[PDB]
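Note sheet for the following structure.
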Amino acid sequence: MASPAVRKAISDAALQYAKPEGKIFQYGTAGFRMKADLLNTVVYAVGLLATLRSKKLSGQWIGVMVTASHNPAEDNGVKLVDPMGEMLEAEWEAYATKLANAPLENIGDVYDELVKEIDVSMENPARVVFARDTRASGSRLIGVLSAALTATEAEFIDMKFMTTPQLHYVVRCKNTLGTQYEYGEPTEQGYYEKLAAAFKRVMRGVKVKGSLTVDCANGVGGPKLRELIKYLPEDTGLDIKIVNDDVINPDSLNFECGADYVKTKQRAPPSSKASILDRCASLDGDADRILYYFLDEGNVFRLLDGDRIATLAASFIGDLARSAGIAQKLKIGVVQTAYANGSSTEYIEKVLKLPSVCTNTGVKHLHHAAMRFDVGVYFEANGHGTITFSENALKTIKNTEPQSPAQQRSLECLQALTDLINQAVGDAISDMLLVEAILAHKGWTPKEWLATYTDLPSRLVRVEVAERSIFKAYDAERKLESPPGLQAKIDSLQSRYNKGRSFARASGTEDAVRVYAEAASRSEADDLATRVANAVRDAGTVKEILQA
Ligand SMILES: [Mg+2]
């Protein structure tokens, strides 16, 4: 219910900036994200929101990450991170949005509106940690953020340049020190030591073969990976070659590299100098996504995307849980979207003998569902993912008495994985260490990993429609309620093709629907995708009103 000097300082500091034309803002997944010259007042609003989130939650540290991830050099973005390093509570997105869309002259009053609607205790100082990627606009935007935090009399720490996962790491640590489940030392240094020490344990008595060439998107992941390498152990046989670390030139960020580029264009970066069979990976620009790839013997680009990594991780955890003797005690499952290749799902259920849960798209539904297992593996094709360990999981690992040196070795190994794998957020660097460790333990070349199952040919298409809003989905977005008859037709179309599977869903932003289709052969997959694409387009063109 306070205060006068704060209201004044808020509206005064706001008067430094101006709202772009008639821009309407929305805090989506990953927050606000757009052209960097539209972003001053938006980041201001988030500085203000952050103050309120911290105070509502007893002065716990709340994080802000300034990044636009995959996006080109001239975008930026801003998102809040909650106390345990988790993504901002779904219902607080709407507050961010209310603040962003306010006229500036009124922003001090909308702040008051919120301290009353949210019911915040003003005893506590707000505490916020922030960091940014390598973008040119970062410095200016950090100044905007800092003017907001100052007007609110928050305590803040500028953690400088970090990957997104490092900023989730810090937040969680700061809020867990003194606790029973201390996540680590809340510094970049502590992040490195924790990864190093865990990698070391997982790697006991085994060796990585051949080098790893890591495309770092010319992003913050590049210098952080290099810094991490200084902390890693010596006789693991890890040999990381860093490429695309041109962080000094903002124009280079995500320019024809790394992860998003490789995944969506399904080819290596054009600048790549890797040879035949060289094991490779691409990080995205804020290093929360990764994928693997290689040129095979005949010189063909071979992608190993998020789903590939998911089945790799699930195979490894499954084998370890069994030999640790806890596989019957613990619920272990893979969480996927409907975008997952059918062959990947088949491998999990038939060969790994583990549940798969199809859930709605968006890390939120994926994480929430992975937390229903004791050991929940989720990746998206795009390279975002992690493994979640429940308290039960940690406890039964920590407490079970082993009946053999193999059983003990597996339990130790499993314990280490728990500290290696980022629990707050999908972490490209952590995931990298994971994949390398697993390949070492299995003795697998990239080609043996690819050979594990064969993807059904698939095709994704973007279908423009009149109104995105008439396409209403359910059952992990695999079925349409609306418009009438479309599902019946999708059902019939997929039946005509060997192992034929297709589904269409709205994008949620555009006036477009996405069609996914897969089948036994290329021509089938393409034809099915086109047929569903035409039906979608047909049901999505304005009906047309008759006369007399
Ligand atoms: Mg990212």
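Starting from 1 in every chain, residues are counted up; chains themselves are A, B, ... following the order of the structure tokens, and ligands are numbered from 1 as listed.
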With only C-alpha atoms and all ligand atoms counted, collect every polymer residue having an atom within 7 Å of ligand 1; state the result as a PDB file with N, CA and C atoms, in the first residue's frame.
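Done, and the output landed in selection31.pdb:
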ATOM      1  N   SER A  69      17.550 -15.244 -27.890  1.00  0.00           N
ATOM      2  CA  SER A  69      17.797 -16.641 -28.251  1.00  0.00           C
ATOM      3  C   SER A  69      18.271 -16.832 -29.686  1.00  0.00           C
ATOM      4  N   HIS A  70      17.453 -17.493 -30.540  1.00  0.00           N
ATOM      5  CA  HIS A  70      17.733 -17.806 -31.976  1.00  0.00           C
ATOM      6  C   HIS A  70      17.755 -16.575 -32.862  1.00  0.00           C
ATOM      7  N   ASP A 284      22.408 -22.893 -29.503  1.00  0.00           N
ATOM      8  CA  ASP A 284      21.744 -21.652 -29.951  1.00  0.00           C
ATOM      9  C   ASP A 284      22.411 -20.442 -29.281  1.00  0.00           C
ATOM     10  N   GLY A 285      21.928 -19.252 -29.614  1.00  0.00           N
ATOM     11  CA  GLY A 285      22.537 -17.980 -29.189  1.00  0.00           C
ATOM     12  C   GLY A 285      22.590 -17.664 -27.694  1.00  0.00           C
ATOM     13  N   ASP A 286      21.726 -18.283 -26.890  1.00  0.00           N
ATOM     14  CA  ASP A 286      21.746 -18.109 -25.437  1.00  0.00           C
ATOM     15  C   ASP A 286      22.010 -19.441 -24.753  1.00  0.00           C
ATOM     16  N   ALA A 287      22.360 -20.418 -25.579  1.00  0.00           N
ATOM     17  CA  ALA A 287      22.841 -21.727 -25.155  1.00  0.00           C
ATOM     18  C   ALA A 287      21.881 -22.518 -24.261  1.00  0.00           C
ATOM     19  N   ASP A 288      20.589 -22.509 -24.604  1.00  0.00           N
ATOM     20  CA  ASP A 288      19.617 -23.402 -23.942  1.00  0.00           C
ATOM     21  C   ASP A 288      19.105 -24.481 -24.892  1.00  0.00           C
ATOM     22  N   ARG A 289      19.658 -24.501 -26.108  1.00  0.00           N
ATOM     23  CA  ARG A 289      19.347 -25.518 -27.102  1.00  0.00           C
ATOM     24  C   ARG A 289      20.625 -26.113 -27.706  1.00  0.00           C
TER      25      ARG A 289
END
*Enumerate, as a PyMOL selection string, the complete set of residues in range 282-487 of chain A that a backbone-based DSSP assignment places in helix (DSSP H, G or I).*
chain A and resi 306-323+342-351+363-370+391-399+405-420+428-442+446-450+468-470+486-487
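Of the listed residues (A:297, A:182, A:511, A:305), A:305 comes nearest to residue 266 in chain A; the distances count only C-alpha atoms.
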I want to know what sits within 7 Å of range 183-195 of chain A, based on only C-alpha atoms, with residues of the same chain fewer than 2 positions away left out; could you give that as a PDB file with C-alpha atoms, in the first residue's frame?
ATOM      1  CA  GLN A 166      23.609 -19.962 -15.982  1.00  0.00           C
ATOM      2  CA  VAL A 170      22.315 -18.521 -10.109  1.00  0.00           C
ATOM      3  CA  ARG A 172      18.051 -21.170  -7.762  1.00  0.00           C
ATOM      4  CA  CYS A 173      21.372 -21.236  -5.845  1.00  0.00           C
ATOM      5  CA  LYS A 174      20.746 -17.846  -4.259  1.00  0.00           C
ATOM      6  CA  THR A 176      18.629 -22.452  -1.828  1.00  0.00           C
ATOM      7  CA  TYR A 181      18.864 -28.863  -1.077  1.00  0.00           C
ATOM      8  CA  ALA A 197      32.908 -32.218 -10.624  1.00  0.00           C
ATOM      9  CA  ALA A 198      29.800 -34.077 -11.778  1.00  0.00           C
ATOM     10  CA  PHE A 199      31.182 -34.800 -15.301  1.00  0.00           C
ATOM     11  CA  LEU A 228      34.121 -24.189 -18.611  1.00  0.00           C
ATOM     12  CA  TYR A 231      37.575 -26.421 -15.201  1.00  0.00           C
ATOM     13  CA  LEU A 420      25.353 -32.679 -14.087  1.00  0.00           C
TER      14      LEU A 420
END
_Please return, as a ChimeraX atom specification, all residues of range 24-210 of chain A that DSSP assigns to strand (DSSP E) on the basis of the backbone._
/A:32-35,61-66,75-81,127-132,155-161
Can those selected residues be exported to a file as a compact mmCIF listing (two decimals), in the first residue's frame so that it contains C-alpha atoms?
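As a result, part.txt now contains:
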# COMPACT_ATOMS: atom_id res chain seq x y z
CA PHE A 32 8.84 -10.08 -24.48
CA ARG A 33 10.79 -10.49 -27.71
CA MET A 34 10.92 -8.10 -30.71
CA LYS A 35 13.10 -5.49 -32.45
CA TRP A 61 15.79 -13.41 -5.62
CA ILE A 62 14.00 -13.14 -8.96
CA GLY A 63 16.03 -13.25 -12.18
CA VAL A 64 15.77 -11.32 -15.45
CA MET A 65 17.46 -12.67 -18.58
CA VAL A 66 17.97 -10.28 -21.48
CA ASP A 75 16.22 -8.28 -31.72
CA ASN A 76 16.42 -8.60 -28.00
CA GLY A 77 14.19 -9.87 -25.24
CA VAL A 78 13.53 -10.07 -21.53
CA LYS A 79 12.01 -12.73 -19.27
CA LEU A 80 11.55 -13.26 -15.53
CA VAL A 81 12.91 -16.28 -13.74
CA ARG A 127 15.97 -8.53 -4.83
CA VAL A 128 16.72 -9.15 -8.53
CA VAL A 129 19.66 -10.74 -10.38
CA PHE A 130 20.11 -10.20 -14.08
CA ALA A 131 22.33 -11.07 -17.00
CA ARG A 132 22.35 -10.75 -20.78
CA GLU A 155 18.50 -4.57 -4.41
CA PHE A 156 20.12 -5.85 -7.63
CA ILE A 157 23.11 -7.71 -8.98
CA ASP A 158 24.33 -7.34 -12.55
CA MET A 159 25.73 -10.79 -13.36
CA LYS A 160 27.04 -9.44 -16.69
CA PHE A 161 27.20 -11.86 -19.60
Extract, using only C-alpha atoms, all DNA, RNA and protein residues at most 12 Å from residue 417 in chain A, discarding same-chain residues fewer than 5 positions from it, and format them as a CSV table (one decimal) with C-alpha atoms, in the first residue's frame.
chain,number,residue,atom,x,y,z
A,194,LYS,CA,29.6,-28.1,-10.3
A,195,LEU,CA,29.5,-29.2,-14.0
A,196,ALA,CA,33.2,-30.2,-13.9
A,197,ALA,CA,32.9,-32.2,-10.6
A,198,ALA,CA,29.8,-34.1,-11.8
A,199,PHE,CA,31.2,-34.8,-15.3
A,200,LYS,CA,34.3,-36.2,-13.6
A,201,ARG,CA,32.2,-38.7,-11.6
A,202,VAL,CA,30.0,-39.8,-14.5
A,203,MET,CA,33.2,-40.3,-16.5
A,313,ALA,CA,19.2,-40.2,-22.6
A,316,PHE,CA,21.1,-44.6,-20.7
A,317,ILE,CA,19.0,-43.8,-17.7
A,320,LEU,CA,21.4,-47.5,-15.3
A,321,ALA,CA,18.2,-47.6,-13.2
A,375,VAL,CA,12.9,-39.6,-13.8
A,386,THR,CA,16.5,-31.8,-19.6
A,387,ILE,CA,15.9,-34.7,-17.2
A,388,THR,CA,13.8,-34.0,-14.0
A,389,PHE,CA,14.5,-35.9,-10.8
A,394,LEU,CA,16.9,-38.4,-5.4
A,397,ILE,CA,19.2,-43.1,-5.2
A,410,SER,CA,25.3,-47.4,-11.2
A,411,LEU,CA,23.9,-45.7,-8.1
A,412,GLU,CA,27.1,-43.4,-7.9
A,422,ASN,CA,20.4,-28.7,-15.1
A,423,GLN,CA,17.2,-29.1,-13.1
A,430,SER,CA,25.0,-29.6,-19.6
A,431,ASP,CA,23.3,-31.6,-22.3
A,433,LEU,CA,28.4,-33.1,-21.3
A,434,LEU,CA,25.6,-35.7,-21.0
A,435,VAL,CA,25.7,-36.8,-24.7
A,437,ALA,CA,29.3,-39.1,-21.3
A,438,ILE,CA,26.7,-41.5,-22.7
Tell me which protein, DNA and RNA residues are within 9 Å of residue 445 in chain A, counting only C-alpha atoms, leaving out same-chain ones fewer than 6 positions away, and put them as a short mmCIF file (atom, residue, chain, number, x, y, z; two decimals) with C-alpha atoms, in the first residue's frame.
data_model
loop_
_atom_site.label_atom_id
_atom_site.label_comp_id
_atom_site.auth_asym_id
_atom_site.auth_seq_id
_atom_site.Cartn_x
_atom_site.Cartn_y
_atom_site.Cartn_z
CA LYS A 209 36.64 -41.05 -28.40
CA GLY A 210 37.36 -38.48 -31.12
CA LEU A 277 32.68 -38.40 -39.47
CA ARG A 279 31.27 -35.46 -34.33
CA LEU A 439 28.51 -42.07 -25.96
#
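Around residue 351 in chain A, within 10 Å and counting only C-alpha atoms, the residues found are residues 315, 345, 346, 347 and 453 of chain A, once anything fewer than 4 positions away on its own chain is removed.
CA of residue 133 in chain A to CA of residue 163 in chain A spans 6.6 Å [interatomic distance, one decimal].
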